[PDB]
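Data block below; observations after.
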Amino acid sequence: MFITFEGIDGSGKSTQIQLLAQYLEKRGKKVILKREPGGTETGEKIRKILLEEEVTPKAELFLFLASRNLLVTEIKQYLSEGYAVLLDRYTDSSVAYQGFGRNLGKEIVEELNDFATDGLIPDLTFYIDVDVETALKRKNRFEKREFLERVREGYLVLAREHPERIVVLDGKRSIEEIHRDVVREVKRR
Amino acid sequence: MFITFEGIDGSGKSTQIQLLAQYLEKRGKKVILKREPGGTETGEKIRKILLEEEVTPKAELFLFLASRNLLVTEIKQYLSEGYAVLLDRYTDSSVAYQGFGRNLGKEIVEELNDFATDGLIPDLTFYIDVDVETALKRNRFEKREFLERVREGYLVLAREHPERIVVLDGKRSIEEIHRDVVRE
Ligand SMILES: Nc1ncnc2c1ncn2[C@@H]1O[C@H](COP(=O)(O)OP(=O)(O)O)[C@@H](O)[C@H]1O
Ligand SMILES: Nc1ncnc2c1ncn2[C@@H]1O[C@H](COP(=O)(O)OP(=O)(O)O)[C@@H](O)[C@H]1O
Ligand SMILES: Cc1cn([C@H]2C[C@H](O)[C@@H](COP(=O)(O)OP(=O)(O)O)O2)c(=O)[nH]c1=O
Ligand SMILES: Cc1cn([C@H]2C[C@H](O)[C@@H](COP(=O)(O)OP(=O)(O)O)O2)c(=O)[nH]c1=O
Ligand SMILES: [Mg+2]
């Protein structure tokens, strides 16, 4: 069970992934919750540079890929041990933020993601959609309005490219409403 | 002008490149010296991580590329201001060390390098060869069998493109080598 949460800043990812972790734990599931960038000792060192320092779009992309490669190395084992792995952001983020947001190109980033993850693809990905103004009012260097609009639109394209994996949630709903939707979709495995 | 030096840890890179600067400073030429990994503020942070931490081959590779794309942007400026760029280690480093040394594939690393460096190829690159024990005599990237692989990687790369890579015998004298480079 490999599930990821995606969406722009302020969409509600961190909140929802935790509510989901509790629900699966209470039901007697071995849950592993991780975030990106970060999730490993060195990945967290990488995360601090990405947030604290300004970098070119390609270097920025390579840093997210390094952190991702390190995180994958660890979670794969968990997955191969009956553990449920929940991730706060994954490959779609690089596609949406660096592919669309920074305009490096959807295809290029996806190919790099493939090399970086050795093909580990989520079974289920919750994309929480919300308009930018709402997200920013409720919610770093990534939160610029225009940038985030391109990101949001990029995520919507991705939802269209992988409808089997990506489940689009309506971020305008209440926190508890969305959680209902989340649990409802999980119930199907 | 864009110059770069390659070769394993202890082949005589820092020594040569300098001696090729104090020569150009001597003849007016405005040169700037940069090294990889590092060369920029964030790059030195990435450098620290690569030397102090244990990372998987790919993370290792992506960290070098991140550092390279940052420096490259800064190098495009100097070769825009008419400067002279002497660089200790570059794309070949990733190919030999990550491609062959880590066995991630020559073409793979080569393509990432293109993407990360926006197709910036050095005019002249000096590959300084030496056996492993000698170099060691003179970090985590220094395990004989690995270096062996890296050396092989450098030589197989020297074959491919003999257009810019000029080999030298680091087992020689510092002045002997120097002279050989001063020519080009
Ligand atoms: N559906 C929601 N309705 C109202 N506020 C929300 C909703 N989801 C999240 N928030 C609030 O927005 C802020 C950031 O949420 P977070 O879960 O941290 O979003 P992300 O992790 O997507 O930035 C918090 O105050 C969170 O409680
Ligand atoms: N041609 C040479 N012959 C003998 N020793 C050399 C030669 N070139 C460099 N050295 C010495 O090898 C050691 C490492 O050289 P360095 O220039 O630091 O190599 P790298 O920069 O490849 O580590 C130093 O003692 C340097 O003076
Ligand atoms: C995983 C990933 C994150 N990011 C950015 C998006 C976030 O603004 C930043 C920090 O992630 P997070 O801490 O998840 O930010 P937020 O809680 O506001 O959503 O990382 C990318 O640009 N590319 C990526 O691949
Ligand atoms: C630029 C680069 C360096 N390296 C390694 C070479 C060294 O082991 C380490 C530090 O490089 P460097 O400081 O040049 O050390 P040396 O003088 O011994 O050559 O980084 C790679 O593995 N890949 C790369 O792309
Ligand atoms: Mg969050």
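So that the names make sense, note that chain A is the first sequence line, chain B the second, and so on, each numbered from 1. In what follows, every heavy atom counts, from backbone to side chain, and hydrogens, waters and symmetry copies are set aside.
The aromatic rings of B/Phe62 and A/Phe62 lie parallel to each other, with less than 30° between the two planes, well short of the 60° mark.
For a residue to count as touching a neighbouring chain, one of its non-hydrogen atoms must lie under 4.5 Å from one of that chain's; by this rule A/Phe64 does not touch chain B. Both the backbone and the side chain of B/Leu65 come within less than 4.5 Å of a heavy atom of chain A.
Both B/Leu155 and B/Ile165 sit in one connected hydrophobic cluster of ILVMFWY residues. Membership requires side-chain heavy atoms under 4.5 Å apart, directly or through other members. Residues A/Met1 and A/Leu71 do not share a hydrophobic cluster, clusters being chains of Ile/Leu/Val/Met/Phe/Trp/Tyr side chains in contact below 4.5 Å. A single hydrophobic cluster is not seen to contain both A/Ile75 and A/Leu70; linkage of ILVMFWY side chains at heavy-atom distances under 4.5 Å, directly or through other members, places them apart. B/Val182 and B/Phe2 are assigned to two separate hydrophobic clusters, defined by single-linkage of ILVMFWY side chains at heavy-atom distances under 4.5 Å. Using a 4.5 Å cut-off between side-chain heavy atoms of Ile, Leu, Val, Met, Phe, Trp and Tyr, with links allowed through other members, B/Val109 and B/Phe146 fall into the same hydrophobic cluster.
A/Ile46 CD1 to B/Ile46 CD1: the interatomic distance, rounded to the nearest 0.5 Å, is 8.0 Å.
Between B/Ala66 and A/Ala59, the shortest heavy-atom contact is O-CB, 3.5 Å.
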Could you please show the donor-acceptor pairs under 3.5 angstrom between chain B and chain A, with distances rounded to 0.1 Å?
{"from": "B/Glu53", "atom 1": "OE2", "to": "A/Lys45", "atom 2": "NZ", "distance (Å)": "2.6"}
{"from": "B/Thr56", "atom 1": "OG1", "to": "A/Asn69", "atom 2": "OD1", "distance (Å)": "2.5"}
{"from": "B/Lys58", "atom 1": "NZ", "to": "A/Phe115", "atom 2": "O", "distance (Å)": "2.8"}
{"from": "B/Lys58", "atom 1": "NZ", "to": "A/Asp118", "atom 2": "OD1", "distance (Å)": "2.4"}
{"from": "B/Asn69", "atom 1": "OD1", "to": "A/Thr56", "atom 2": "OG1", "distance (Å)": "2.6"}
{"from": "B/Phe115", "atom 1": "O", "to": "A/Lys58", "atom 2": "NZ", "distance (Å)": "2.6"}
{"from": "B/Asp118", "atom 1": "OD1", "to": "A/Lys58", "atom 2": "NZ", "distance (Å)": "2.9"}

